[PDB]
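J.: An experimental structure, sequence included, is below.
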Amino acid sequence: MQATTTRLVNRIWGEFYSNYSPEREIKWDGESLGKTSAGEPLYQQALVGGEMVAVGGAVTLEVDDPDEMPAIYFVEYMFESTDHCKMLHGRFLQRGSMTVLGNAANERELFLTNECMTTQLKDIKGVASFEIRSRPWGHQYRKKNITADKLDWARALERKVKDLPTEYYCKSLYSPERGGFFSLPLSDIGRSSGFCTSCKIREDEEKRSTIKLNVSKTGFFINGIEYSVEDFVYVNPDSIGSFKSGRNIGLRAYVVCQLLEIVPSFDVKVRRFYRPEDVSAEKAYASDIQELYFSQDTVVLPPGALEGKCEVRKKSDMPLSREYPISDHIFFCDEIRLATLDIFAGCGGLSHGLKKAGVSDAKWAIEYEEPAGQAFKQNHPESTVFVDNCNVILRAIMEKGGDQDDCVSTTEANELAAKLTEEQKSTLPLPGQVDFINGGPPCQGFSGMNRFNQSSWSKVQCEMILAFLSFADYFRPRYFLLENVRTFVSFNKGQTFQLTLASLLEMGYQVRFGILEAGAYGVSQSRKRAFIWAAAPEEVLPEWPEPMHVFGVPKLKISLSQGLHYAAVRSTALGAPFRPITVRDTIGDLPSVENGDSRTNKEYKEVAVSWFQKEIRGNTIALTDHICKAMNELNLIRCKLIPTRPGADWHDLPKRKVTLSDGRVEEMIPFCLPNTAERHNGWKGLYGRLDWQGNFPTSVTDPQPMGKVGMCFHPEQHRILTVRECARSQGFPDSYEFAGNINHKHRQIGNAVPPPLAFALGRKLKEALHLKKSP
DNA sequence: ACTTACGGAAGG
DNA sequence: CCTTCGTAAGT
Ligand SMILES: [Zn+2]
């Protein structure tokens, strides 16, 4: 099943994958134009050994280590100092090879940076050809573009035969501190006005990070944010005066403090606010997520223990909109919607989250398996769902537009696309009607648990990414989103990941990347996922959502080149606004069931108590999918003998032989856990029970008692967790529906995206959309 | 269709 | 030196 790909991606990923077809004296020139702030005259051009150096060109310096290549600088302005010496200001131009792109970068592509210099003009080694590339955006230009590119490529080859100096070009700005490539601000460069934006922004940043006190002792400035009296702020828990699998019990949240006065450098005095779970876990189990308590305690702190501000209101003036997850810092005490195409929709968690944000409506969806398509149809009545492999869908779509000579495919795709009836062909989308493309490719190949990843079946699953990219190349939408596992960026020395970025950079997109953890977004499951945002040159790239729940996880950083790392979001182990979610906050309300129940439709027996339960139930009155798969007698006995204590696992099984009712005697120990307990840490978690105060493990497609993840027993009942419990752990609402048998429903749950995460991403995308300036 | 037997690399 | 987070071979 070779992926069907366009020409651009196929050429980019060559020599890789399969299904690839190779078919002395310096003088001033001109007149003066003005003077700088200090009064020195500033010029535009200059003759250096018969070569003109005008504003907007490239100058090559000389550097040590003569084996290395010289640096390149983009000229901003030139002026003559009072000491009759020639001067020039330059901006560093980073080469492609010295970036995160690595070996996938092109030879002639340079990237603007925010680091500048001013060295004497005589010391420059020479001048180099340089130009700025800017092209119109839209699908109708695509053909023209490729022709132009072809011409360019040919010319370059000829030069490499005749060894003329190479020609360089630049299209974007590279920010490692932001971890992405952004559009060029074409109006603020090449101005030759004696004013540099990079130097100004660097000076403004350097001015920050220094404590400054305002007049009349009204307040102070820290890290760029102001703090004043009669406000509310955060204080770290350790500043103010053992685990098995759910290593999050011993963690605390930000302490809310109210500034009273500033006392003598200076020190602050803060009134403390207490929280329900500082009293007991039982009291916090039945308390609101954003409720605090009033105390008279005042404490003196240094001014360096601040991390933000917040608001405290009363129980009559609230936002009145109960969004989930919460993204605003408030506590208490007593016309732009986009047409969207979904690929690998699955059940539709990501689509549900992005539609709930009001930013996207899903007009077309593509799915592989029948039960997932049925679930998507049941959850989104007004959408169009295609249950087919994506390759044949792409081939049919390109056939409709008369572009069968611009695609690479196998005969199987053509055969399957020729069998589509006319009703399905007339409802397919066309370029120009799609504005948002989203989806998540298969993640079995890049997973860490897959110890058979170097097989034929796994290679074809990793190729689907290519097909995904082809879609973005043919429709050219305004936005693009990609989601995958954490180990996707490190798989195969990070080569393929890099290649992906390169492909997007060839299309004229602005790309940014990050890694988020779902546990800090109101979800009681540990889940690390990598995301990629891509936007058109005229649009604005979205920011990353800010986590608000304390989870014990270190900073997740992506390794750039030259020994640098980028972290998309901060770690929340040392403090956060909201306390973490436990399993009793999630599944503590459902009525007790026995092993192997099969009754689909039931009724709730007790009213919801926890905040999470109230948020996840709503107005639903019909219980569904609260069923579990049965176990044989041996596993039932093993589960019966497991103690109901935190941290319990297979190490508590007594050594004895049991006689079954059939007539066979069996060893209690599976004999596979003691066989290989030295290498795999003793299999800590196998045949293990959940923790009332702990958290769920990572959701998988088959929660069976003997697996690499384990930890799938009920805290107090001798059974496996039900499908509805897994849905609640993953964040699905109780109104959602699933199709098929129990295995199909579990597989649907295990392949989805937490809806709160998609809602946060959609909120960020909407915020970016509202910021698009008029043409 | 259901149960049992298990490799290495990254980041801390 | 601990911790992380699906495929294939028998019944
Ligand atoms: Zn500068």
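T.: Thanks, I have the structure now. Residues are numbered from 1 along each chain as shown, chains lettered A, B, ... in the order given.

J.: tell me which element residue A:160 is part of?
T.: Using DSSP states H and E, the element containing residue A:160 is helix A:142-162.

J.: So what's the gap between the next helix or strand after that helix and the chain middle?
T.: Per DSSP H and E, the first helix or strand lying C-terminal to helix A:142-162 is strand A:168-175. Distance of strand A:168-175 from the chain centroid (C-alpha atoms, centre = their mean, to the nearest Å) equals 23 Å.

J.: Then stretch A:192-204?
T.: Chain-centre distance of stretch A:192-204: 32 Å, with C-alpha atoms, centre = their mean.

J.: Show me the contact partners of that stretch.
T.: A:33-37, A:42, A:44, A:55, A:76-79, A:89, A:91, A:114-116, A:185, A:188-189 (C-beta atoms under 8 Å, 6 or more residues apart in numbering). No exception for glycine: its C-beta is placed from N, CA and C like everyone else's.

J.: Kindly supply the ChimeraX command isolating those of those residues that are buried.
T.: Selection of the buried residues among the contacts of stretch A:192-204 in ChimeraX, burial being defined by 16 or more other C-beta atoms under 10 Å:
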select /A:42,44,55,76,77,78,79,89,91,114,116,189
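
J.: returning to what we had before: hmm, who's touching the helix holding residue A:160?
T.: A:7, A:8, A:108, A:135, A:166, A:167, A:476.

J.: Would you mind listing what in chain A touches the ion?
T.: Residues of chain A lying close to the ion by C-beta under 5 Å from the ion are A:116, A:196, A:198, A:199.

J.: Sort out which one of the residues you listed lies nearest residue A:412 for me.
T.: Set against residue A:412, the nearest of these by C-beta to C-beta is residue A:198 (53.4 Å).

J.: Around that closest one, how many other residues sit close by?
T.: 18 (other C-beta atoms under 10 Å).

J.: That one and residue A:191, how far apart?
T.: 12 Å (C-beta to C-beta, to the nearest Å).

J.: coming back round to it: mind checking which of the residues of chain A next to the ion are in strands?
T.: Of the residues of chain A next to the ion, the ones assigned to strands by DSSP state E are residue A:116.

J.: of the residues of chain A next to the ion, closest to DNA strand B?
T.: residue A:198 (30.0 Å; C-beta to the nearest atom of the strand).

J.: Generate a PyMOL selection restricted to the buried subset of the contacts of helix A:142-162.
T.: This is how PyMOL selects the buried members of the contacts of helix A:142-162, with burial counted by 16+ other C-beta under 10 Å:
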select buried, chain A and resi 7+8+108+476
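
J.: Out of the contacts of helix A:142-162, which is nearest to DNA strand B?
T.: Nearest to DNA strand B, judged by C-beta to the nearest atom of the strand, of those is residue A:8 at 28.8 Å.

J.: Give me the spatial nearest neighbour of the closest one, chain neighbours excluded.
T.: Sequence neighbours aside, residue A:473 is the residue nearest to residue A:8 in space, at 5.4 Å (criterion: C-beta to C-beta, 6 or more residues apart in numbering).

J.: And stretch A:191-204, what's buried?
T.: Buried residues in stretch A:191-204, counted by 16+ other C-beta under 10 Å: A:192, A:194, A:196, A:197, A:198, A:199.

J.: my bad, should have said stretch A:173-182
T.: For stretch A:173-182, burial by neighbour count (16+ other C-beta under 10 Å) applies to A:173, A:174, A:175, A:176, A:179, A:180, A:181, A:182.

J.: try stretch A:286-293
T.: For stretch A:286-293, the neighbour count (16+ other C-beta under 10 Å) marks A:287, A:289, A:290, A:292 as buried.

J.: so residue A:749 sits in a strand?
T.: No - counting by DSSP: H, G, I helix; E, B strand; the rest coil, one finds residue A:749 to be helix, located in no strand.

J.: Smallest gap between the stretch 201-350 of chain A and the ion, at which residue?
T.: Minimum separation of the stretch 201-350 of chain A from the ion (C-beta to the ion) falls at residue A:202, amounting to 7.8 Å.

J.: what secondary structure does that residue sit in?
T.: Residue A:202 - assigned by three-state DSSP - is helix.

J.: Could you measure from it over to residue A:196?
T.: Noted for residue A:202: a distance of 9 Å to residue A:196, by C-beta to C-beta.

J.: can you check residue A:674 too?
T.: 69 Å.

J.: Could you pick out the residues of chain A near DNA strand C for me?
T.: Within chain A, the residues that sit near DNA strand C (C-beta under 7 Å from any atom of the strand) are A:245, A:247, A:444, A:447-452, A:455, A:457-458, A:485-486, A:526, A:528, A:680-681, A:684-685, A:697-698, A:700-702, A:707-709, A:750-751.

J.: which of those are buried?
T.: Buried members of the residues of chain A next to DNA strand C, scored by 16+ other C-beta under 10 Å, are A:245, A:444, A:447, A:458, A:485-486, A:526, A:684-685, A:697, A:700, A:709, A:750-751.

J.: picking up where we left off before, and the residues of chain A next to the ion, which is closest to residue A:601?
T.: The closest of the residues of chain A next to the ion to residue A:601 turns out to be residue A:198 (C-beta to C-beta; 64.7 Å).

J.: Okay, strands next: where are they in the stretch 51-200 of chain A?
T.: Assigned by DSSP state E, counting those that start in this stretch, the stretch 51-200 of chain A shows strands spanning A:51-52, A:58-60, A:72-80, A:86-95, A:109-117, A:126-128, A:130-132, A:168-175, A:180-183.

J.: ok, and what's touching the second one?
T.: Think strand A:58-60. Residues from elsewhere that reach strand A:58-60 (C-beta under 8 Å, 6+ apart): A:53, A:70-75, A:88, A:90, A:93, A:124-130, A:168.

J.: rerun that using 7 Å as the cut-off
T.: A:53, A:70, A:72-75, A:90, A:93, A:124-128, A:130, A:168 (C-beta atoms under 7 Å, 6 or more residues apart in numbering).

J.: do the same with the longest one
T.: Where contact means C-beta under 7 Å, 6+ apart, the residues beyond strand A:86-95 that reach it are A:26, A:58-59, A:71-81, A:110-113, A:115-118, A:120-122, A:170, A:174, A:196, A:198.
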